[PDB]
Amino acid sequence: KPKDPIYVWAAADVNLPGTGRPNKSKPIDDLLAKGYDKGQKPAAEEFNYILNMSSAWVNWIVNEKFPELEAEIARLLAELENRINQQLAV
Amino acid sequence: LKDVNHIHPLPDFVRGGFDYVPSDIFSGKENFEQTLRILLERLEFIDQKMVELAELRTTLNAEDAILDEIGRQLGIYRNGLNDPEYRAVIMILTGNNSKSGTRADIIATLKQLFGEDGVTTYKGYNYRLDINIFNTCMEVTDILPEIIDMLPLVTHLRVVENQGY
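- Its PDB header names cryo-EM as the technique used to obtain the model and reports a resolution of 3.24 Å.

## Topic: the overall build of chain B
Turning to step 1, where the next piece is worked out: When helices and strands are tallied, chain B shows 6 helices and 3 strands.
Turning to step 2, where the next piece is worked out: Secondary structure elements of chain B, listed N to C terminal, follow the sequence α-α-α-α-α-β-β-α-β.
Turning to step 3, where the next piece is worked out: Against the 2.2 N^0.38 benchmark of 15 Å for 165 residues, chain B shows a C-alpha radius of gyration of 26 Å, more extended than a compact globule.
Turning to step 4, where the next piece is worked out: Contacts spanning at least 24 positions in sequence make up 48% of the contacts within chain B whose residues lie at least 6 apart.

## Overview of unusual backbone geometry
Residues and elements named next belong to chain B.
Turning to step 1, where the next piece is worked out: Phi at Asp24 is positive, roughly 60°, even though this residue is not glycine.
Turning to step 2, where the next piece is worked out: On the secondary structure map, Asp24 appears in the loop between α1 (15–18) and α2 (32–55).
Turning to step 3, where the next piece is worked out: According to the relative accessible area criterion, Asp24 is exposed, its value standing at 56%.
Turning to step 4, where the next piece is worked out: With a phi close to 55°, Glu30 is a non-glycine residue in the positive phi region.
Turning to step 5, where the next piece is worked out: The class for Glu30 is exposed, based on a relative accessible area of 59%.

## Notes on the interface of chain A and chain B
Turning to step 1, where the next piece is worked out: Counting residues at the interface gives 7 residues for chain A, matched by 8 residues for chain B.
Turning to step 2, where the next piece is worked out: Of the roughly 720 Å² buried between chain A and chain B, counting both surfaces, carbon and sulfur atoms make up 44%.
Turning to step 3, where the next piece is worked out: Contact with chain B buries area across many residues of chain A, yet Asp30(A), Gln40(A) and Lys41(A) alone supply 63% of it, more than any other trio.
Turning to step 4, where the next piece is worked out: For the pair chain A and chain B, the interface holds 1 salt bridge.
Turning to step 5, where the next piece is worked out: Inspection of the region where chain A meets chain B yields 4 residue pairs in polar contact.

## Re the packing of aromatic side chains
For any two aromatic rings, the description comes down to two numbers: the centre-to-centre distance and the angle of the planes.
Turning to step 1, where the next piece is worked out: All told, the structure shown has 3 aromatic pairs over all chains when counted by the stated rule.
Turning to step 2, where the next piece is worked out: Seen from their ring centres, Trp57(A) and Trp60(A) are 5.4 Å apart, and the 80° between their planes marks the pair as edge-to-face. Highlighted residues: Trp57(A) and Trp60(A), both in helix α2 (residues 44–89), separated by 3 residues, approximately one helical turn.
Turning to step 3, where the next piece is worked out: Among the residues examined, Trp60(A) registers a relative accessible area of 36% and is labelled partly exposed.
Turning to step 4, where the next piece is worked out: Between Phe134(B) and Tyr165(B) the ring centres are 5.4 Å apart and the planes differ by 25°, which places this aromatic pair in the stacked class. Residue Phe134(B) is located in the loop between β2 (128–133) and α6 (144–149), and its partner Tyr165(B) is located in the segment after β3 (156–161); the two are separated by 31 residues in the primary sequence.

## A word on the sheet that holds β3(B)
Across a sheet, strands are paired by hydrogen bonds formed along the backbone, either parallel or antiparallel in direction.
Residue and element names in this part refer to chain B.
Turning to step 1, where the next piece is worked out: Judged by pairing direction, the sheet is mixed, and its 3 strands sit side by side in the order β1-β2-β3 without closing on themselves. The open sheet has two edge strands with one neighbour each: β1 (119–123) and β3. Ignoring strand direction, the axes of neighbouring strands in this sheet form an average angle of 15°.
Turning to step 2, where the next piece is worked out: Two strands pair when backbone bridges link them, and β2 and β3 are joined in this way by 6 bridges, in the parallel orientation. Looking at β3, one finds that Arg128 is bridged to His156.

About the cut-offs
Residues numbered from 1 in each chain as written, not as in the entry; some residues may be left out. Chains lettered and ligands numbered in written order. Part of a larger assembly, values for the part shown. Heavy atoms only, no water. Residues with missing side-chain atoms left out of burial classes, pairs and counts. Helix = DSSP H or I, 4+ residues; strand = E, 2+ residues; numbered from the N terminus. Rg over C-alpha atoms; globule rule 2.2 N^0.38 Å. Contact = heavy atoms within 4.5 Å. Buried < 20%, exposed > 50% of the residue type's maximum accessible area, 1.4 Å probe, protein only. Buried area = accessible area lost by both parts, 1.4 Å probe. Salt bridge = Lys/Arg side-chain N within 4 Å of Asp/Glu carboxyl O. Polar contact = N/O pair within 3.5 Å; in protein donor to acceptor, adjacent residues only side chain to side chain. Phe/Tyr/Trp six-rings, centres within 6.5 Å; stacked < 30°, edge-to-face > 60°. Pairing = 2+ DSSP bridges. Axes fitted to C-alpha atoms, helices over the stretch in contact; angles between N-to-C directions.

Spelled out as structure tokens, the structure:
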């Protein structure tokens, strides 16, 4: 298992001092469809955005989705048992 | 061997004319010379300013106070541009009138704004074109509108600027 907590990249949403523009931006769809080439060069915004999206979704999967799915699993069984046992007592 | 532009300050203007004193009759009298020198030296100042009246009116050296007049004749208004880049836009728009937006052509126009190695251009399959800047000496957002104008009708453009490679 992974040994360390999962940090987000460029978590904050602020204007960078060097640029004065938001630290993250969506890459243009055309670039997503194909990616970089020899001559083409990466921009800071897209670079930060990709890693930020990856880390944020990893958080949402690990620390959010599984815990609540487990809680729902337990709750479903508890409610089913209650419903059945009511009739059984009847 | 000789400059074609004859508009220059007259070399040694002062000693000329003094050469027309007939036979040194007055030379060494220190009374007539001063009277003549005082009058002639006034023409020196006027003679000098005759050049700047022509030199300074060229678009290369024109100051902002009058550069606006040059731009006004061409329809390129100052808007919010400042002097160093207002000169650039004037050159860019004027140069656009004899262009065809070819790959070799586009490199030439960008050459005057970023030195020799300050710019490079990548090309893409579906109308994609890219511009790279390495040694910008002026703020680019205000120059951007023109950079679009000299491109084909259907170009797809990205702009990225950085210092150095």
